[PDB]
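Okay, so we've got a single protein chain in two different forms coming up as structure tokens, structure 1 first and structure 2 after it.
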Structure 1
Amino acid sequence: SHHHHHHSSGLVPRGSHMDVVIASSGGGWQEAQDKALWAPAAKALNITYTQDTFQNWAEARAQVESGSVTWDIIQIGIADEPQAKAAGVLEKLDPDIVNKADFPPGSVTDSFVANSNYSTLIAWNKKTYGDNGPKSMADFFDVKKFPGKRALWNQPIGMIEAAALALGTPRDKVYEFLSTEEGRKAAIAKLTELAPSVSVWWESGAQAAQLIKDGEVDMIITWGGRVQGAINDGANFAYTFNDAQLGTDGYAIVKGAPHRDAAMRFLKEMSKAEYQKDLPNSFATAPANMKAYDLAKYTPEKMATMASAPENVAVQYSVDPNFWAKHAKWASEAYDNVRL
């Protein structure tokens, strides 16, 4: 070349050239994955690993584009999977890595294995409705049957789909309905028709949870763990997984990973039921491997709270990250107009 590829850090590298590099968001989530999945799976395989942190998948794209791939396994969201797969950032995983049958629909791809699941669900104020709150997207969108203050996300994901389900669309045909210009317009028109009754467009889960606590909303579509966290904090709220959107977090191996073969062994191992079952012990999440439930032995009351539980998976629809990859531009500006 015509420039330095490396610079003299008078430091002796701490790890080994056999250490698989695994990265996530840092903090408690990374400590939780490490204690539950990474450290036990590594001890089992008799391999070694090092931890790194990152805030966006685009950082891995930069490594691939530059030819400086230092990470092996990256912890991303299913939302980022179509974009990263199309950009040549992710390595295609081995066929037998996992059995899709052990995981909810759309949570496993040729370049992505899920580690956890969450839900965007309907919650309501018991002070307003008691036990008789909205128990579907149709009920949530009915200002005649259920009058009151609605709170929606300021982002369109899960919201346009809620409008489509409200229009009578079956859970399994949500993205078939939204595949046409006619269906997309109908869904936005439904949001507009409800817009006057929407008192708040919440920005973050921390804000959403504080609103549930303070009794400022009559009903809301937010993340389950925020609603459940606030019921535990003392909020007089109730909720349902009926018509909720099942979301996914997981792992991918970076294209040109220095320890590609070892990272593959490590990913196959940490996805096992025996490691997955310990993930909710330290963090408010649901394991993606449902075989983990044979191992957890939770109470019926505990089970009803889990996003990935068979009883709750059956009443949900999985997010289509490919739909959102294709229509993210239209959706944003169409939804922005509804809020304003």
Structure 2
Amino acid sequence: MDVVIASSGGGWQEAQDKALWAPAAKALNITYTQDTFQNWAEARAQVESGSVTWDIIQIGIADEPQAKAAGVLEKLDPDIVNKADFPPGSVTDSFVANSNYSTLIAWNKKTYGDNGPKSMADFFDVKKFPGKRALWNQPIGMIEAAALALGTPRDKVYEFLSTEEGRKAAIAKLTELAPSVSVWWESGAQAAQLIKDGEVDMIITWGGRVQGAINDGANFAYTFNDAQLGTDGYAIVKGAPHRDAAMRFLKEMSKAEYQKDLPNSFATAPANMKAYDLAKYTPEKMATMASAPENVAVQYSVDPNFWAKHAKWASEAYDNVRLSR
């Protein structure tokens, strides 16, 4: 009888549960069960099997087009949110944004001190910065990182990846780096643990996971330079067993009154513009936020239109880079 909600575990899932799920479910007087997953294809497997157990799934904005095309997502009720309260394009007919985050470069201060990599060109430069690299085992942010390393200006990432030539060169760049990649991390918590144990010299991972590891004593530093500004959000699984209750739950948790608490401990940025007026975050708090003006200036936004067209190519080609060893 519980609504089943799933995200990717660790500090991020804990932040959503504390700020959004527990207070929203209390207000609606409903019960819910949590689950965890890393790949949107796991939601597809539930749909393909004919046994859907998940109701709400937290996915990345760039997985939304391929999930919707594969018939994995329920169409949401018309006025689930007022689109004017959220960033443009962050709310689709099948997805409601809950946050902005960054896929960024972090480095081990024991290895490099303050003179760590401060750009993707630096991250890919094994001669100037020798050491163990860690990259995600999924391609969003990883293909673009290679395009940036090749010298592509931040505002031209997706123009470069719009051609076959550019897409192949980006994979060739990742192939070149692959022998220096000690671990292809799978979850944010695993990435945070690699950082806390100093098991890697540099890593491309999510800002909240990095800041959480540093708060826990990791001797790492990071930059927003060349980071990808992402958007996470919620969708309802096609054939969700508690579809109607899940719709009410998603509408409630998207409210400004809950969104304001999302970054209380975890370094994330709420997507609901009204949450900023309620919480009145200090400039120190804003500095860790992916969407703060000073951080946006050195980032580029993920392009869901690119991922709508090339996700299948990207998944297979990147699988081969990591399988090359």
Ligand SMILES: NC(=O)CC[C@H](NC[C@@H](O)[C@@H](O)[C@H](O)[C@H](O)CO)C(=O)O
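Numbers given to residues start at 1 and step along the sequence of structure 1.
Structure 1 or structure 2: which matches the form solved without mannopine (MO0)?
Only structure 1 matches the form solved without mannopine (MO0).
Treating the chain as rigid parts that move against each other between structures 1 and 2, which of 299, 95, 101, 55 sits at a hinge?
The hinge between the moving rigid parts is marked by 299.
Please report the angle, in degrees, through which the smaller rigid segment swings against the bigger one between structures 1 and 2.
It comes to 41 degrees of rotation for the smaller part.
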